[PDB]
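Sharing a structure below in structure tokens format, with a few things to ask.
In this chain, numbering begins with 1 at the start of the sequence shown.
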Amino acid sequence: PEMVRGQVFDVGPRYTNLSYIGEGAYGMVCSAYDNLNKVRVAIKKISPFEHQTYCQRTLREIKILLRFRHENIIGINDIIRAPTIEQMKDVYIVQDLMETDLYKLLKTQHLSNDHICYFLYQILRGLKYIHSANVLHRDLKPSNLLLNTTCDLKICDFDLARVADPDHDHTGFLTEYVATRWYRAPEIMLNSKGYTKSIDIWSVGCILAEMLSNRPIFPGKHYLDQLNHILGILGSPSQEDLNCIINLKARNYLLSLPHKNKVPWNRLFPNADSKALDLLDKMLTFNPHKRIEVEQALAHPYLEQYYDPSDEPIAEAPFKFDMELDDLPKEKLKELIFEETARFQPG
Ligand SMILES: O=C(Nc1ccc2n[nH]c(-c3ccncc3)c2c1)[C@@H]1CCN(CC(=O)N2CCN(c3ccc(-c4ncccn4)cc3)CC2)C1
């Protein structure tokens with residue numbers, strides 16, 4: 001078994017000639033040569049079985065991507081693991097190899113408007129399909145948007161994805177959250193568990209702003225500083241939005257703040273297209289109930305050159321009910337991971 005940066009990649013006969021891409025808490029991602037399709041692929045080695053939370057995230061990643069088939073969503077081409085549950089210690093997930101991600105691209109290049117427009121179109125096209133399956137991505141950010149030189153974009157990383165549950169979205173003020181700080185909607189800090197589609201639209205708004213200036217729009221240094229950044233640009237919420245805030249503590253907090261005027265989008269982004277900023281405004285709407293939905297965003301004048309509902313497919317088989325992985329022990333989750341990966345075994 002070949003080694004990369006001091007890690008055993010036991011991918012067997014089908015995959016050889018490895019090369020390091022990146023790393024994270026999840027494990028390591030590498031490029032490899034596929035000996036059955038004759039093309040280079042991405043392979044990531046995951047070792048989650050010692051903790052329930054790592055098993056939940058691994059089962060979410062696998063279960064969702066196996067049920068999706070869309071041009072703007074990374075697939076899972078193969079999964080390698082041991083023939084028995086007793087011997088399964090690692091899981092290797094094989095995916096299409098891309099050239100870079102939007103995080104890396106924005107460090108080296110300023111994007112023209114027509115690149116921004118096409119990338120935004122693909123993000124929303126993929127998100128329409130996700131949301132049509134009643135699924136929430138919950139961690140959209142530049143490093144989860146994969147790109148190639150032909151400018152194809154694919155959304156990856158569904159380890160925080162959940163089935164939408166608007167009836168159980170409520171939570172208290174300043175409730176802990178797992179998804180990436182800078183892309184969190186204001187309601188996450190005020191009254192929301194991130195169980196509605198609107199959570200993803202806010203993240204897309206953040207990504208659009210980031211493509212317009214090569215800098216994150218709301219770079220909070222810590223948890224409440226994230227809401228300081230959001231309110232710093234959006235200004236004080238309206239009386240109507242305060243009347244929608246649910247929590248006594250959230251309402252008291254917002255009423256205690258000095259009045260702050262809205263920073264105009266054309267001052268933050270003086271060289272941006274006016275239609276891009278009108279769409280940005282609608283995605284970065286404070287009240288999640290008034291925030292634009294994915295189908296409305298695709299229909300916005302900024303994306304009119306690409307908008308074609310007949311070429312923006314939806315899911316055939318939406319997730320009807322919640323996955324219910326929150327109260328399952330790590331041993332049960334290992335069994336489910338084993339069962340979900342069975343279709344890739346020889347025999
Ligand atoms: O899918 C992912 N990345 C991909 C995919 C295909 C690509 N093709 N081309 C590229 C590419 C990117 C950049 N530049 C050039 C090319 C790809 C990148 C990322 C990598 C990780 N993945 C999520 C994931 O697989 N999981 C969620 C987290 N989970 C998890 C979390 C933590 C731990 C953990 N274990 C031990 C200690 C601490 N934490 C274990 C499991 C494992 C499953 C999202």
Side-chain angles (χ1 to χ4, degrees), residues 24-25 53 57 60 101-103 106 120 123-124 127 130-131 135-145 155-166 168-213 215-237 241-242 244-247 249-251 253-254 257 260 262-263 265 268 280-294 297:
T53 56
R57 294 180 87 170
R60 284 176 208 286
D101 63 50
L102 186 68
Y103 174 82
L106 295 173
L120 182 60
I123 295 161
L124 292 167
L127 193 64
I130 299 170
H131 286 186
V135 171
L136 307 176
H137 183 286
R138 306 181 65 251
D139 200 13
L140 295 167
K141 56 178 168 175
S143 67
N144 285 333
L145 304 175
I155 296 160
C156 72
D157 192 4
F158 286 79
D159 76 15
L160 290 177
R162 292 189 164 259
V163 172
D165 189 1
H168 300 87
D169 189 64
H170 173 267
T171 193
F173 179 57
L174 310 181
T175 296
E176 72 206 80
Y177 204 67
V178 60
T180 314
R181 193 193 301 122
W182 300 344
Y183 305 90
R184 285 174 194 161
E187 62 271 19
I188 291 302
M189 289 71 78
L190 300 166
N191 58 36
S192 174
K193 293 192 179 185
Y195 292 176
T196 66
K197 291 169 182 181
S198 55
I199 199 69
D200 286 332
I201 296 299
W202 179 275
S203 302
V204 176
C206 295
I207 294 160
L208 172 55
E210 195 159 340
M211 289 190 285
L212 293 170
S213 65
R215 56 187 169 195
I217 180 168
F218 305 126
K221 289 172 288 303
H222 57 257
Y223 188 87
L224 184 67
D225 194 40
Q226 192 60 31
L227 182 61
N228 294 347
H229 278 259
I230 295 166
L231 297 173
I233 286 161
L234 294 195
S236 303
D241 295 350
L242 275 194
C244 288
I245 216 75
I246 311 168
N247 291 323
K249 293 200 260 185
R251 187 172 290 105
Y253 177 63
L254 296 170
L257 298 174
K260 181 65 180 59
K262 166 183 182 166
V263 176
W265 299 113
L268 278 169
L280 184 62
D281 185 61
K282 293 172 162 62
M283 295 174 152
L284 299 184
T285 293
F286 179 83
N287 187 327
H289 301 100
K290 297 178 176 160
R291 195 173 300 149
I292 198 169
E293 300 195 343
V294 69

pair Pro186-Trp202: side-chain heavy atoms closer than 4.5 Å: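 Heavy-atom side-chain distance check passes, below 4.5 Å.
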Mind listing the closest non-hydrogen atom pair of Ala250 and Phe173 along with its distance?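 Shortest heavy-atom contact: CA-CD1, 3.7 Å.
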Go through it in stages, so that I can follow the logic: the residues are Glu187 and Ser198, the test is side-chain contact (heavy atoms from CB on, under 4.5 Å), and I'd like the CA-CA distance, side-chain angles, deciding distance and then a yes or no. CA-CA 10 Å; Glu187 62 271 19; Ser198 55; 4.3 Å; yes
So, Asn247 versus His170: side-chain donor-acceptor pair below 3.5 Å or not?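 Distance-only check passes for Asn247 and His170.
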Pick from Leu284, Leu231, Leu227: which one makes a side chain to side chain contact (heavy atoms under 4.5 Å, CB included) with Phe218?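 Only one option passes, and that is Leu284.
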Atom CD1 in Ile130, atom CG in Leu124: separation rounded to 0.5 Å?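 The CG atom of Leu124 is 10.5 Å from CD1 of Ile130, to the nearest 0.5 Å.
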Heavy-atom neighbours of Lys260 NZ exceed 12 at 6.0 Å: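 It does: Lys260 NZ has more than 12 such atoms within range.
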Apply side-chain contact (heavy atoms from CB on, under 4.5 Å) to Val204 and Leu120, showing your working. CA-CA 8 Å; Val204 176; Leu120 182 60; 3.7 Å; yes
Could you tell me whether a side-chain N or O of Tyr223 sits under 3.5 Å from a main-chain N or O of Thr175, the two making a donor and an acceptor?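 Yes; at least one donor-acceptor contact below 3.5 Å.
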Might you work through the side-chain contact (heavy atoms from CB on, under 4.5 Å) test for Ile155 and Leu145, ending with a clear yes or no? CA-CA 5 Å; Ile155 296 160; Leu145 304 175; 3.8 Å; yes
Starting at NE2 of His137, measure out to CG of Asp159 and round the result to the nearest 0.5 Å.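 Answer rounded to 0.5 Å: 8.0 Å.
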Let me see the working for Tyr253 and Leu224 under side-chain contact (heavy atoms from CB on, under 4.5 Å), right down to the final yes or no. CA-CA 11 Å; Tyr253 177 63; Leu224 184 67; 3.9 Å; yes
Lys/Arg-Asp/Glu bridge criterion (N-O < 4.0 Å) met for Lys193, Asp165: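 No, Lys193 and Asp165 are not salt-bridged.
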Provide the closest heavy-atom pair for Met189 versus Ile230 in the form atom of the first, atom of the second, distance.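 In terms of heavy atoms, the two residues are closest at CE-CD1, 4.0 Å.
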Look at atom NE2 of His222 and say whether more than 12 heavy atoms of other residues, nucleotides or ligands are closer to it than 6.0 Å.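 Check passes, neighbour count above 12.
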Taking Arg181 for the side chain and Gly220 for the main chain, is one N or O donor matched with an acceptor at less than 3.5 Å?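 A pair under 3.5 Å: yes.
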Do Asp139 and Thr180 have side-chain N/O donor and acceptor atoms under 3.5 Å apart?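 The answer is yes; a qualifying pair exists.
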Which pair of non-hydrogen atoms, one from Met283 and one from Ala297, has the smallest distance, and what is that distance?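 So the minimum-distance heavy-atom pair works out to CE-CB, 4.0 Å.
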Do the side chain of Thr285 and the main chain of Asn287 share a donor and acceptor less than 3.5 angstrom apart?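 Between the backbone of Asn287 and the side chain of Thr285 there is no qualifying donor-acceptor contact (under 3.5 Å).
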Check whether any side-chain heavy atom of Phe286 sits under 4.5 Å from a side-chain heavy atom of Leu190, and report yes or no.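 Yes, close enough: below the 4.5 Å cut-off.
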Quick one: closest heavy-atom pair of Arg291 and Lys282, and the distance?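 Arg291 and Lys282 have their closest heavy atoms at CG-O, 3.6 Å.
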Check whether any side-chain heavy atom of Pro142 sits under 4.5 Å from a side-chain heavy atom of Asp101, and report yes or no.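 In short, these two side chains do not touch, never coming nearer than 4.5 Å.
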Where do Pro216 and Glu210 come nearest, in terms of heavy atoms and distance?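 The answer is CA-OE1, 3.6 Å.
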How long is the span from the CG atom in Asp281 to the CD1 atom in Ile292, to the nearest 0.5 Å?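 Reported value, rounded in 0.5 Å steps: 9.5 Å.
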Could you give the distance from CD1 (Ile245) to CZ (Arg251), rounded to the nearest 0.5 Å?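 If we round to the nearest 0.5 Å, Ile245:CD1 and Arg251:CZ are 7.5 Å apart.
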Might you point out which heavy atoms bring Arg60 and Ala161 nearest each other, and give the distance in Å?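 That would be CD-O, 3.4 Å.
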When you measure from the side chain of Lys262 to the backbone of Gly235, do you find a donor-acceptor pair of N or O atoms at a distance under 3.5 Å?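 Absent.
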Hey, does the side chain of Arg184 reach the backbone of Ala179 with a donor-acceptor pair shorter than 3.5 angstrom?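 A pair under 3.5 Å: yes.
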Among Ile201, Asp169, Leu136, find the one that has a side chain to side chain contact (heavy atoms under 4.5 Å, CB included) with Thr196.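 Only one option passes, and that is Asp169.
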From CG (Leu280) to CG (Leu208), nearest 0.5 Å: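 Nearest 0.5 Å value for the CG-CG distance: 5.0 Å.
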Checking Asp200 side chain against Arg138 main chain: does a donor-acceptor pair fall under 3.5 Å?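 Confirmed, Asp200 side chain pairs with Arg138 backbone.
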Nearest 0.5 Å, please: how far is NZ in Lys141 from CH2 in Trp182?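 Going from CH2 on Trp182 over to NZ on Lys141, the span is 10.0 Å.
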